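Engineer: Here you go, one structure.
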Amino acid sequence: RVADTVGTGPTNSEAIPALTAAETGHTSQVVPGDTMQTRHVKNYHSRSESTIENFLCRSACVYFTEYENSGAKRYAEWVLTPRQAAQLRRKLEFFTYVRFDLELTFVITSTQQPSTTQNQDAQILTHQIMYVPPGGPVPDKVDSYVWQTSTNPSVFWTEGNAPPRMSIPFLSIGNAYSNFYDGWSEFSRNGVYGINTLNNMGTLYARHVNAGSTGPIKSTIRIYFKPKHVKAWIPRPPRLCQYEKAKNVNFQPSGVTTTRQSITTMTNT
Amino acid sequence: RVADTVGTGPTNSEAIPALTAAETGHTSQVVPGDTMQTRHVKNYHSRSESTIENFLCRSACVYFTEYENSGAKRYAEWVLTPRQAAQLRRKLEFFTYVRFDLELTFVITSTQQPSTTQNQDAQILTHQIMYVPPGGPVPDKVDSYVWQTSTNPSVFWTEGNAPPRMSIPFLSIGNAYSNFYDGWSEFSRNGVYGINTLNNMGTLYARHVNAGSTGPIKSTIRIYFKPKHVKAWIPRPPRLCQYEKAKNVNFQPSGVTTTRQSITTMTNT
Amino acid sequence: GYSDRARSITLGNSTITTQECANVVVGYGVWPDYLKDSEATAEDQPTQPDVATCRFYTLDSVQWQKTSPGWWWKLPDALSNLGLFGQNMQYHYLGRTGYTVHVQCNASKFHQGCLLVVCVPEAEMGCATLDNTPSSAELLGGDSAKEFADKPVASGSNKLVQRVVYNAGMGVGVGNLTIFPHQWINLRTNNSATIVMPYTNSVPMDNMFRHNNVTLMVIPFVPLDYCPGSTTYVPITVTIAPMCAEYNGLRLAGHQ
Amino acid sequence: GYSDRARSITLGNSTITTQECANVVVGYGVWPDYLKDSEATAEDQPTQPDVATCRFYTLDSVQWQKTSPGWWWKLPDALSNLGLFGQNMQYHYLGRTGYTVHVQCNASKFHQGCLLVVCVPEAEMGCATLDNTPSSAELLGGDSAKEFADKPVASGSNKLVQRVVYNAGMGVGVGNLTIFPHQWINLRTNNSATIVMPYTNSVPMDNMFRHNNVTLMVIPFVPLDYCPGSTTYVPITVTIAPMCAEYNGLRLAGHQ
Amino acid sequence: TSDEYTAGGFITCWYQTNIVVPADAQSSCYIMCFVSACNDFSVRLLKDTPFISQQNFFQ
Amino acid sequence: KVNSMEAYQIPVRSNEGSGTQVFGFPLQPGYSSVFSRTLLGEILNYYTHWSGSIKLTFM
Amino acid sequence: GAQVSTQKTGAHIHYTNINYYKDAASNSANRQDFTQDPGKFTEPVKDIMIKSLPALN
Amino acid sequence: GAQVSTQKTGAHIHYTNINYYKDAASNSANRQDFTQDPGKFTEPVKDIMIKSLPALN
Amino acid sequence: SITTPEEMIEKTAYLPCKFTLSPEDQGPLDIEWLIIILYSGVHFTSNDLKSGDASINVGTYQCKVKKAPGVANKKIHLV
Amino acid sequence: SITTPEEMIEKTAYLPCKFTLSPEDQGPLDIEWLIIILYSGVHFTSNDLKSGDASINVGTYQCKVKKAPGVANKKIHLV
């Protein structure tokens, strides 16, 4: 439960709680009743919504992509990562190291595309979503034998039903995930900087199992991450600047904050 | 259990229950057996349906609005409030201060619009409903990044399923909600009167996730409030007049009641 | 009867004494130690040089001027060529250690100014060109301090570093760097600053040539100012002591 | 382990901290209190504002120059127009209170000078013209300090005040003002001065508009002196807190 | 968010006494400010920030 | 001043007077541009409401 | 952790309930609160008024 | 093997839970962990600092 | 919400359009007058019109104040 | 990932295209240069180009490195 105010009266002594040294690196722990007279106020407030779990445990769209039942793009692929979007990336990067299970949800939708084809009656569409762990064979075509999913996890889903949902545990070879990596994967120090293999989570593939109709249709899949059972270490300053890339921390220099008219102005200019 | 009649006989005394002073501000508590002879009638009646809970705990349409899958209106927005409709507003305003949780339901429907487009086969439609708490970013377009719903609550729903339903707790910064506010938000007393920030509950946004078809479709969403776990204080006289605005109590002067032919007429003229 | 301003730190064959110290900041409340049996993964027996590796090494001095933006040092790189600490990281594949960092700057009462001394974990920085990544030579200076810039760096197909001071090279507010272990050198009150950092990583040990676990930043928030006739050359000196250092994976010397 | 030089005083919603204080002088050894039942005469129930009236009020600042004779303030008049203390003495016929007076003047080591801060009971002063009596406007300055003179004042059928500094306006030796509660602000040692005064009168309460129970005098015995290049503008600030204030005789506001 | 009903107040600073220096010291100085929360602080109603935005998928 | 370290410095000097103002800003922890980017302000901008006392340290 | 309560029945039986969520704003409505106290709005006088006695004497 | 816990309630009730799967990464989020320890990031000094005492002596 | 959204100014004519923004409002601010002048990110009398004064200095003149999601209007009859 | 995917070579001109393959990448390897030369299962300087050197020896020259699912590009301005 949050702390409760203690009642105090007047003072005249050599006790000096208001005077300190910020050079020590220490935050002063002064209560209001150290510098004024206060009443007794029992406080029933709770810091329940400020826990790292509640702060992080909401589903978030991290990526979406399209595919068609005919033409060049018959299937979609995406390397799993939360750095493509802005919002969950910025929340996660409040910390240096995190450790969580994942809850994964998909929202798949379809739209009829313009064409001159006639007498089009469409059957229901079933979709296949396949996760390939890093190292395994990948599908070169919609009819590739790898869709056999003998070992790779797969989820079949028919339009009109509930969204598909699955739980993924902590898969890092290291003890904790890393949001930041000051180094190289090459001992020589050459090559790409800030890149390592600690947070590699494999690729996602999506296709139509049937074509359904004699006319063209285009599907979109949206992926949602929800972190569960969270642990985090080393707090970090929030991202002041607009993200530019998914792979690195590059940015454009920006003002510390917004500007007003003067140092005594009580409004925002 | 409601009270039971007590049997009485004839009287001749200085006890005067029928005579009183209404100037005191006190309602007389006379039973029928104070002014006539009565039998004993055990009463099994119960005042169970007159509780504030049962009186208020029914779903009520408070607003409905439209959007299209093509054209200028691609998404809908609405500031949550129960003053837009007449019925729940009038029931709630029997009291000065209320305190309740909310149960929220949505009824979303779609209709095909007239057009000359041909060979139209439509896929199933999924809708997104997003609640933004007061202070957060709002969507300038259907494809706006804010639909990522990293923190804002969202509900995805596919046509043909049950209506979506969620529970919202008491969100007021003040101890109780206010149906009436005799004052201004400005200490100067200038500005709008009867307006405060105690009952601000944020905005609602609605859109199609997919367009579904090559022809035009228009959706409507209807919102339903159900108050739960109710507390109320200070009873108030019922609204005699027809509501005119949502924001204030303005009205047009109306007769105290209906008019008959004379003071002895037993019918309504 | 003594003064909390006077402190002495002894490590190996070295000892530092300061007559004007605020106190000591201790990491995250964690004193450095050795890796325990129930937290290890590598199976060979480690080596622990102790007094030979755990001792104070003093680096080059920088000059605090009236317009200086600030300086940074990667801790593992800073001592990579210094003594048996350097030799042991040269012949081994895995290392593990904490630090004691002591910053020194004296001046007279008239001299004014304030420096922030901060130990930042995983100080991953950004390139001026958005497509490219900062060059190793630009990011690391083993025997020399790396300098911040005041003006923004120009991006023209190069591998430079956005060394803007108000973004701390990491595209974040510089005033919010206080979450990290830190102390302030205020010329009127302070003389030196001391931080004791434990080993911070997501793995139990790491290779010390391709990864820098921590970076030391010294940034003047208030500029240096003196009236004429006062000393104009004011240096800053950095002294670092490894703590509880252990090494695994002995092989031929070199990094490739 | 602390320093007797550092003291903090908290009253109502205000708090004053001084890092260089001699100590606190307490009246005649008497801490202020409320009037007791066996000492009262007026029978209605008193009002006690507390935090609303008992709190620090800061007045205008005066400039200490090399030739300044001194300044004086009637305590009741000084706060007669300030906040709820002023309002409560406006609506009431009788009042009763003590004081905490804090005087402030800082300067560097080079600056020299010494001020006497004294709280004098019944500081009845004399007119320059022997037949007349000093005018109220001349005797009282509610929001402004009253100044002493160094030269004697000329008597020509006026209602001025003999504000000679070496006679303290009361026709007495100025060096003998030490019997009264007092403290010395010596620039080389002191920074501020504090006196806690109790209620002093021959009656249990009094009307606060026609009688001033106490007067605050600040007099430089050693002049202010500095070599060229030092700060030339040195102010003095006065801060006063009423203590255990009570009021009787509520009626329409005004003094007539 | 900005709101006149839930107004907070004003925070100001004034010179109680002047800055006083000797000869050969700088008469211009700076002050620094730090803001921290007390042990009775809490927040409510988690929502999205108006500080980070996006127009296309970062790569 | 925002594109520099001068935004964090509060200037003071020696005046020929007393009682003049040094600074002023409102008590708006998450909305005022003086606070909205501080560690407290960044955390506040994820939540609709706030409650508690605040500590301002001046060095 | 099941709760057995009585159903609304006529004059002149139980049901079972289990809570599934964690917030208590998710629970069902309290429809069986039959508490009454009309003496605030009615008869709110400082001195008590007996029925058989004259209101003013 | 049912677990009865307390729901989030206001100031000034239970719910039941059963696990169905075998992995424990399939369980629900831990939303009731209200443990705090700010003394790592704040006040991280070697010698303790009393509030009423001067920081440096 | 605009203060007094219906009034008749009978007479330089000062047309007041002082407005207030709800906590919910967070969209871009757009101000338009009708009969003439538009403000987007006759002459406006206030340099800080963003703070809440959309007044202008000069039939029916309509002031439209739009900050998503709030929308407010004010009609003034200038005689 | 290609090292330094943006650079200007001012001057035989050696155009570097050294690349790295993610554990996820497992598809067939295809290398293409643009302005000219294609590698599938101007002259390349490395016999073992599969290991990670797609450099060539000779406007803007673009190196495209494709191993499913990874796709990387590098633009070089030869003056």
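Engineer: Restricting attention to region B:219-269, which residues are farther than 22 Å from B:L80 by Cα, part of a loop (DSSP other than H, G, I, E, B), within 14 Å of another protein chain (Cβ to nearest Cβ) and of a type outside the set (K, R)?
Structural biologist: Residue satisfying the conditions is B:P237 alone.
Engineer: Consider B:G135 against the criteria (1) within 20 Å of the chain's Cα centre (by Cα); (2) of a type outside the set (K, R); (3) within 14 Å of chain E (Cβ to nearest Cβ): it satisfies all of them except one. Which criterion is unmet?
Structural biologist: Only one criterion in (1) within 20 Å of the chain's Cα centre (by Cα); (2) of a type outside the set (K, R); (3) within 14 Å of chain E (Cβ to nearest Cβ) is unmet by B:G135, namely (1).
Engineer: Among the candidates A:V142, A:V155, A:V146, single out the residue that is more than 14 Å from chain B (Cβ to nearest Cβ), over 28 Å from the mean Cα position of the chain (by Cα) and not in a loop (DSSP other than H, G, I, E, B).
Structural biologist: A:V146
Engineer: Right, something else. Looking only at region B:22-48, which residues are closer than 30 Å to B:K228 by Cβ and either of a type in the set (A, V, I, L, M, F, W, C) or in contact with a helix residue (DSSP H, G or I) (Cβ under 8 Å, 6 or more places away or on another chain) (or both)?
Structural biologist: Matches in region B:22-48: B:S48 only.
Engineer: State whether one or more residues within region F:1-9 are basic (K, R) and more than 7 Å from every other protein chain (Cβ to nearest Cβ).
Structural biologist: Taking every residue of region F:1-9 in turn, at least one turns out to be basic (K, R) and more than 7 Å from every other protein chain (Cβ to nearest Cβ).
Engineer: Any residue at all in region E:10-20 that is under 24 Å from the mean Cα position of the chain (by Cα), within 14 Å of chain D (Cβ to nearest Cβ) and on the phi > 0 side of the Ramachandran plot?
Structural biologist: Checked against the condition, which is being under 24 Å from the mean Cα position of the chain (by Cα), within 14 Å of chain D (Cβ to nearest Cβ) and on the phi > 0 side of the Ramachandran plot, region E:10-20 yields no hits at all.
Engineer: So, one more: Consider A:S188 against the criteria (1) of a type in the set (S, T, N, Q); (2) over 28 Å from A:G71 (Cα atoms); (3) outside any loop (DSSP other than H, G, I, E, B): it satisfies all of them except one. Which criterion is unmet?
Structural biologist: (3)
For (1) more than 14 Å from chain H (Cβ to nearest Cβ); (2) within 22 Å of C:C119 (Cβ to Cβ); (3) hydrophobic (A, V, I, L, M, F, W, C), each residue gets a yes or a no:
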site: C:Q19; (1), (2), (3): no, no, no
site: C:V26; (1), (2), (3): no, yes, yes
site: C:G29; (1), (2), (3): no, yes, no
site: C:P32; (1), (2), (3): no, yes, no
site: C:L35; (1), (2), (3): yes, yes, yes
site: C:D60; (1), (2), (3): yes, yes, no
site: C:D77; (1), (2), (3): yes, yes, no
site: C:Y93; (1), (2), (3): yes, no, no
site: C:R96; (1), (2), (3): yes, yes, no
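Engineer: I would also like to ask the following. Has region C:109-130 got any residue that is surrounded by fewer than 19 Cβ atoms within 10 Å (Cβ to Cβ) and outside any loop (DSSP other than H, G, I, E, B)?
Structural biologist: no
Engineer: Considering only region A:91-112, I want to know if a residue exists there that is part of a loop (DSSP other than H, G, I, E, B) and facing chain B (nearest Cβ under 8 Å).
Structural biologist: Scanning region A:91-112 turns up no residue that is part of a loop (DSSP other than H, G, I, E, B) and facing chain B (nearest Cβ under 8 Å).
Engineer: Right, something else. Of everything in region C:72-102 that's aromatic (F, W, Y) and in a helix (DSSP H, G or I), which residue is farthest from C:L250 (Cα to Cα)?
Structural biologist: Residue satisfying both the conditions and the ranking: C:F85.
Engineer: Let me ask something additional. Kindly evaluate B:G194 against the criterion of being of a type outside the set (S, T, N, Q) and on the phi > 0 side of the Ramachandran plot.
Structural biologist: So B:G194 passes the test.
Engineer: Then there is this: Given I:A54, I:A68, I:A72, which one is within 12 Å of another protein chain (Cβ to nearest Cβ), farther than 18 Å from B:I195 by Cβ and buried (at least 16 other Cβ atoms within 10 Å of the Cβ)?
Structural biologist: Residue meeting the stated conditions: I:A68.
Engineer: Moving on to the next point. If you go through region F:18-59 one residue at a time, how many are touching a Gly at 6+ places or on another chain (Cβ under 7 Å) and more than 7 Å from chain E (Cβ to nearest Cβ)?
Structural biologist: Number of matching residues: 5.
Engineer: Follow-up. I'd like the residue in region D:218-237 that is among the hydrophobic types (A, V, I, L, M, F, W, C) and surrounded by fewer than 20 Cβ atoms within 10 Å (Cβ to Cβ) and, out of all such residues, is nearest to the other protein chains (Cβ to nearest Cβ).
Structural biologist: Step by step, filter region D:218-237, then rank; the result is D:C227.
Engineer: What's the number of the condition D:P69 fails, among (1) more than 28 Å from D:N176 (Cα to Cα); (2) of a type outside the set (D, E, K, R); (3) in contact with a helix residue (DSSP H, G or I) (Cβ under 6 Å, 6 or more places away or on another chain)?
Structural biologist: So the condition that D:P69 fails would be (1).
Engineer: How many residues does region C:229-256 contain that are part of a loop (DSSP other than H, G, I, E, B) and within 27 Å of C:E147 (Cβ to Cβ)?
Structural biologist: Here the count works out to 5.
Engineer: In addition: Quick check: anything in region I:27-40 surrounded by 13 or more Cβ atoms within 10 Å (Cβ to Cβ), among the acidic types (D, E) and not in a helix (DSSP H, G or I)?
Structural biologist: Yes; the residues of region I:27-40 include at least one that is surrounded by 13 or more Cβ atoms within 10 Å (Cβ to Cβ), among the acidic types (D, E) and not in a helix (DSSP H, G or I).
Engineer: Could you please find all residues in region I:41-79 being more than 30 Å from B:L204 (Cβ to Cβ) and in a loop (DSSP other than H, G, I, E, B)?
Structural biologist: Correct list: I:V42, I:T45, I:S46, I:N47, I:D48, I:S55, I:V58, I:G59, I:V79.
Engineer: In addition: Give the residues of region C:181-210 that are over 30 Å from F:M5 (Cβ atoms), at the interface with another protein chain (Cβ under 8 Å from one of its Cβ atoms) and of a type outside the set (K, R), sorted by residue number.
Structural biologist: C:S202, C:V203, C:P204, C:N207, C:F209
Engineer: For region A:168-192, how many residues meet the condition of being crowded, with 17+ Cβ neighbours inside 10 Å and away from chain C (no Cβ under 14 Å)?
Structural biologist: Residues that pass the stated criteria total 1.
Engineer: Just to be sure I understand, how many residues within region I:31-51 are within 10 Å of the chain's Cα centre (by Cα) and within 14 Å of chain B (Cβ to nearest Cβ)?
Structural biologist: Residues meeting the conditions: 0.
Engineer: Still on this structure, please answer the following. G:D37 is checked against (1) over 19 Å from H:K8 (Cβ atoms); (2) within 7 Å of another protein chain (Cβ to nearest Cβ) and fails just one. What number does that condition carry?
Structural biologist: Among (1) over 19 Å from H:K8 (Cβ atoms); (2) within 7 Å of another protein chain (Cβ to nearest Cβ), G:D37 violates only (2).
Engineer: Within region D:137-148, work out how many residues are out of contact with any helix residue (DSSP H, G or I) (no Cβ under 7 Å at 6 or more places or on another chain) and either basic (K, R) or under 19 Å from D:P69 (Cα atoms) (or both).
Structural biologist: Residues meeting the conditions: 7.
Engineer: Here's another thing I want to ask about it. Taking the residues in region G:1-18 that are in a loop (DSSP other than H, G, I, E, B) and within 29 Å of B:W233 (Cα to Cα) as candidates, determine which candidate is nearest to the other protein chains (Cβ to nearest Cβ).
Structural biologist: Per the criteria, the residue is G:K8.
Engineer: Next question, about the same structure. Confirm whether B:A3 is among the hydrophobic types (A, V, I, L, M, F, W, C) and more than 7 Å from chain G (Cβ to nearest Cβ).
Structural biologist: Yes: the conditions hold for B:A3.
Engineer: Restricting to region B:193-218, count the residues that are part of a loop (DSSP other than H, G, I, E, B), farther than 27 Å from F:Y47 by Cβ and either in contact with a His (Cβ under 7 Å, 6 or more places away or on another chain) or facing another protein chain (nearest Cβ under 7 Å) (or both).
Structural biologist: Summing the residues that are part of a loop (DSSP other than H, G, I, E, B), farther than 27 Å from F:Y47 by Cβ and either in contact with a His (Cβ under 7 Å, 6 or more places away or on another chain) or facing another protein chain (nearest Cβ under 7 Å) (or both) in region B:193-218 gives 6.
Engineer: Let me ask something else. For region B:76-103, how many residues are among the aliphatic types (A, V, I, L, M) and over 22 Å from B:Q148 (Cα atoms)?
Structural biologist: So the answer is 6.
Engineer: Quick check: anything in region B:173-181 within 28 Å of E:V43 (Cα to Cα) and in a helix (DSSP H, G or I)?
Structural biologist: no
All of the numbers you see were taken from the coordinates with simple rules; none came from a lab. FYI the Cβ positions are ideal-geometry reconstructions off the backbone, even for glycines, and counts take in every protein chain you see.
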